[PDB]
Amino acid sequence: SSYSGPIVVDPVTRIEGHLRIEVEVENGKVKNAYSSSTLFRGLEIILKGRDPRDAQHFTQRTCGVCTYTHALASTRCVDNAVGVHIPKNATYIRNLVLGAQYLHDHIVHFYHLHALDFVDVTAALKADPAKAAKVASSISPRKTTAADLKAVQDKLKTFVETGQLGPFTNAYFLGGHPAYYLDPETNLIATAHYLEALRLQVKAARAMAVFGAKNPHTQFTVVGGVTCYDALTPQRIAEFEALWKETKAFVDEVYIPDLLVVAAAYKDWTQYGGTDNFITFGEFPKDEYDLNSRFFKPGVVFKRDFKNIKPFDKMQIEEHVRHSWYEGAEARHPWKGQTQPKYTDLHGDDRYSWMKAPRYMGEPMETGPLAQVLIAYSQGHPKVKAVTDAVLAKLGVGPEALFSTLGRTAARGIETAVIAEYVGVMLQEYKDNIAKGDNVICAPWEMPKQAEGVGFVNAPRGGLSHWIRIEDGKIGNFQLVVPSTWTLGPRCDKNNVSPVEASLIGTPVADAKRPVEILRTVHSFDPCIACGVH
C-alpha cells in the first residue's frame, strides 16, 4: 500500500511565483527532493550602467507580496554606498511602514495561503453553530454567538450549491482526506475567520499607504530619508494608529487563538520539516549603520546550537551556480557577483533551477520567522521569550517542538504578536520626537564616482541584502541575495541540499494524487519565487 515512485507538483499554488517541486517517495515517505524555480527575469542584468538612484524603483518590482521590502533594501544600500545618515524621523517612518508590512503579510499567509492545507471548508456545512460559538468564545475574549456563525454557514451553503466551487475546485480535501483532522465546528470557526481576514487585510494594507502613498508598491523613500511631510501631522498619525489598533486586535483575538487551536489538533506535525542551520539579519534600527541597534538582533546558528550564537560576517556569503542555469560552476560573493544565464533544461548537466544557491560558511541556512524568533529568544529578548513560553505552555509541548513545520508556523504567529505590540512603542517614540520639535525627514547627500555599499533588511521571509559596485557614478554591478534564495535555492557545488529540500525528507504521503503533506511543509516556509530568482 505504501507508495513508491516519483511525485511532481508543478505549479505549487498558494505561494508567490513559479515553483516546481520534485520528490522521490519510497514506502509512503519522501527520501529525496528538488526545488526548481521556473521563471527568470534578470533584473541584475537590466540594472547595469544605470543611475544608482533608479535602483529602488526597479528592485521593488522584484516582488509585490513583500512589496516595500526591496525599495527599503536598495535605499539602505545606496544610502550606505553614499555615506548618508538619515534623520531620526526617516528611520521611524521607514520602520513603522515595515512593521505594518509584517502584520499584513503574515495574516494573509496564515489564512489565505496556508490554512487550506489544514481546513476542510466543505466540512463547515455540517457544523452545529451553537456548539461552534461556545468553542469560539472559550478560546478568545471576543464572544461570538450561534447567529454569527450561522450567517457564515448560510453564505457558504449557497456558494457550494451553485456547483461553482471556484478557488476550491479540485481541493485536496474534497470528499474527505485522511490527513485532514478538524471537526466540523472548528472548520466553521476557521472559515468564518478566513472570510473575516479578507476584509481586515485591506485595513492592514491601508496602514502602509497612510505614510507610504499606496500599497502595493510604496513611493515615499529616497536616498537620504523620506518624502512624506504629511506623515508628521496629528491627523495622519491618528489615522495610522487607528488602523494599527484594529489590526493588532485581530492578531490578538482571532489569528493567535486560531493558530493554537489548529496546532493542538495537528500536534503530530512537530515531527516533520525540521532544519539544522539558521541566519537572520535583525530589524527595526535605532542606528542605520549598526545591526546590533535593532529591536531584533542579527545572528547565525549551526546545527541548532543556540547556546553558541555566532556573529554575522557579511563576507562569508557566496552564491553558487553549479546546479543552476548559469554559466560555469564558480560561486561568487555578491560584490563580485555574476548573472550569466545558460539553460540546460531540467537536470541538464545536473542543473535544475533559475535560483542561485547561497551558502554562508559553505552551509545551507534557513531564514525567516523561525530563525528570527529562535535567535532573539536565545539572545534573551524579553517580549519574544514571554510570548513563546505562553504558546508552548498553551500547547503543552517542549521547546524541541519548534524545529518543525508546526514550529515554523507557530513562530510566524509569535513574531506577528510581538511586532504588533512593538509598532505601538515605535509610534510613541515617533510621537515624542515630534513633540521635542524635530521635524526633519530627509538629509542632503552627494554621489561618489567609485564606491561599494550594502543594505540589510529582515523581511517577513528572512534576511534580505542588496549589493552595489558604483563605477564612474553609474551601476557597475548590482546583486540581490533574497530570503527565498537562501531557503528554496538548489544544491551548491558541494551538493548540500537546501533547507526546503532537506526538510522534505521523511514527509509522510497518505495519498499520492493529493500530496497535502508536501504542501504543508513547503508552505510553512512561505515561498516567494519572484524574490528568489529576480
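Throughout, we count residues from 1 along the sequence that is shown.
Engineer: Taking the mean of the C-alpha B-factors per stretch from the entry, tell me the winner out of 309-317 and 219-227.
Structural biologist: The stretch with the larger average C-alpha B-factor is 309-317.
Engineer: Would you mind comparing 53-61 and 487-495 for me and telling me which has the higher average C-alpha temperature factor in the entry?
Structural biologist: Averaging CA B-factors over each stretch, the winner is 487-495.
Engineer: Just the C-alpha B-factor column, please: which of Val261, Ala329, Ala410, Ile419 has the biggest number?
Structural biologist: When the deposited C-alpha B-factors of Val261, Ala329, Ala410, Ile419 are compared, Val261 is largest.
Engineer: From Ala502, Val509, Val482, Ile468, can you pick the one with the highest C-alpha B factor in the entry?
Structural biologist: If I rank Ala502, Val509, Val482, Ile468 by C-alpha B-factor, first place goes to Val509.
Engineer: Grab the CA temperature factor for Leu243 from the record and place it in the lowest, middle or highest third of its chain.
Structural biologist: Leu243: CA B-factor falls in the middle third of its chain.
Engineer: Hey, what third does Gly368 fall into on Cα B-factor, ranked over its chain?
Structural biologist: Bottom third by C-alpha B-factor.
Engineer: By the recorded C-alpha temperature factor, relative to the other modelled residues in its chain, which third is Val522 in?
Structural biologist: It belongs to the lowest third of the chain when residues are ordered by C-alpha B-factor.
Engineer: Name the third of the chain's ranked CA B-factors that contains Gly455, choosing lowest, middle or highest.
Structural biologist: As the PDB entry reports it, the C-alpha B-factor of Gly455 lands in the lowest third of its chain.
Engineer: Test of reading the entry: by CA B factor among the chain's modelled residues, which third contains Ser293?
Structural biologist: Middle third by C-alpha B-factor.
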